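In C-alpha cells, one chain follows: the form deposited in one PDB entry.
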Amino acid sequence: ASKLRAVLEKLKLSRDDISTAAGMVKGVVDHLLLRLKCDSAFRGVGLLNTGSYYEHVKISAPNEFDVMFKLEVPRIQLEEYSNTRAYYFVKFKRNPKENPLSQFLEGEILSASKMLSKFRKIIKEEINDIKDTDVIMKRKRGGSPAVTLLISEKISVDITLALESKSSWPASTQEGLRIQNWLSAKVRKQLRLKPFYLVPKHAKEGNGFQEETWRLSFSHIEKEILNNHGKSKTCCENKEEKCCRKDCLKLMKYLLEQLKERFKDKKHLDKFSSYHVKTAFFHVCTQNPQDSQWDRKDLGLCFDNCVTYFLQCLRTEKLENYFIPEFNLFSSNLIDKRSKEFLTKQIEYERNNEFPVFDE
C-alpha cells in the first residue's frame, strides 16, 4: 500500500527527461518521415504513436518509444496462414487501379519481407545523414516487425511499417475485445469500426519464416483503451474518480523488469515481455469492470488482483491475446514450460512476502 505508493514515486518520469527525449525522437522521426514521403510506395505514410510512452505507462526513464509508419492500403483481401489466427497473406482485389505497391507483389501476394527490406534500406541510408545526431540501427533478434534505432547511445525507437485496412476486422477477432461489461457494447462497436493494422512479422517455418506473411496489430486500440479506461466517462477527470488502473499496470511492468534483472545471470526470463503483463492487465480490467473495483485507496488489493491473475496465466500456461482469443501468448511454441514455471515460482515468492523486490 504505502510501499507501492513509494515505488510509483520512484517510477515517475522526469519532465526534463521527457522533453529532451521526445525532442531527440521527433528529430529522427520527422527526418525519416520526410524522406519516406518522397518514395512512391511509402507516399501516404503517416505517423501513429503507440506503446507505453504514449499510453503514459512508461516507467523509470523515457528511453524507449514505439511508432508505426502506417500506409493506407485500400481494397485489401486477407488469407489466414495455417490456422495461426494472427498471421495472414495480403492480396488485392481485381486491380481496379494500378498500384503504388506493385513492386512488392510475389504474384498476387504482397510480400512483407520485400516491403520491410526496402523500408529498412531507406531508413539505413537516411540515419547516416542526420543533423549531427548520433543514430545507429540495431537489429536485435526475435523477428521484430520494427526497424530499431538507438539515438545518442541512450534512446531506442521502434519504427514499424504497418498496412492500414479500413475493412471489417478479421473473423479471428470476433470473440476478442471483451469490453462490453466494462467500457460498453456501444464502445466495442465503435472501436471495431476503426481500422486494423498489419505489421511485417512473419509466421515461423522451422529454422526460417513465411516471408510473405503479415501479423495483425491493434496497438492503436490498446492506446485508446488505456487513455479512456473507465466505466465512467469522467474516470480520472476529477478528484472523486481517481482509479488506480494505470498505476497497477506500471507496478506489474516494474515487477517484471526487476525480476528479469535479478535473473540476468542465466537470462531465464528473457522470453517474457511487458506485453505479457499488459495483456494480463487488460483481462483483469474485463474481470473487474467497475471503477469502484479500482479505487485509489485499494491500490494494494488491485495490484494483488493483477498479480494473482498473471500467476494463474503462468500456471495454466495460457494468456489469451486480448483481441485474438485463440492466440495463446504462453503456448509452448513461444515460451517453454521451464521458463513459465520459473517465473511462477519467483512471482509466487514475491507475493507471499509483500514483494521484497520492491524494498529500498
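By rigid core we mean the largest C-alpha set that fits within 1.5 Å across both forms. When you see a residue number, it is the position in the sequence shown, counting from 1.
Of the other compared PDB entries of this protein that include residues on both sides, at least a third leave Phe209 without atoms.
Residue-level annotation: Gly142 lacks coordinates in a third or more of the other entries compared, counting only those that model residues on either side of it. The PDB entry records a higher mean C-alpha B factor for 133-141 than for its counterpart among 133-141 and 175-183. Per the PDB record, of the two stretches 272-280 and 201-209, 201-209 carries the greater mean B-factor over its C-alpha atoms. Across the residues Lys58, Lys70, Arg35, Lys318, the deposited record lists the maximum Cα B factor for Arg35.
Ranking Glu237, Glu222, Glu257, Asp265 by Cα temperature factor from the entry places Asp265 first. Sort the modelled residues of the chain by CA B factor and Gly230 lands in the lowest third. Ranked by C-alpha B-factor against the other modelled residues of its chain, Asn63 falls in the middle third. Sort the chain's modelled residues by C-alpha temperature factor and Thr308 lands in the middle third, per the entry.
Split the chain's modelled residues into thirds by C-alpha temperature factor. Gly46 is in the middle one.
For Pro74, the recorded CA B-factor ranks within the highest third of the chain. Only modelled residues enter the ranking.
Below: the form deposited in another entry, not depicted.
For the residue set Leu301, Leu33, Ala61, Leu311, core-aligned C-alpha shifts between the shown form and the other one reach 2 angstroms or more at a single site, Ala61. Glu79 is not among the residues whose C-alpha shifts by 2 Å or more between the shown form and the other one once the rigid core is aligned; its shift stays under 2 Å. Once both forms are fitted on their rigid core, the CA atom of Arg262 lies 2 Å or more apart between the shown form and the other one. Relative to this form, the distance between the C-alpha atoms of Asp16 and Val277 is reduced by at least 3 angstroms in the other form. In the other form, the CA atoms of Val57 and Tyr197 draw together by 3 angstroms or more relative to this form.
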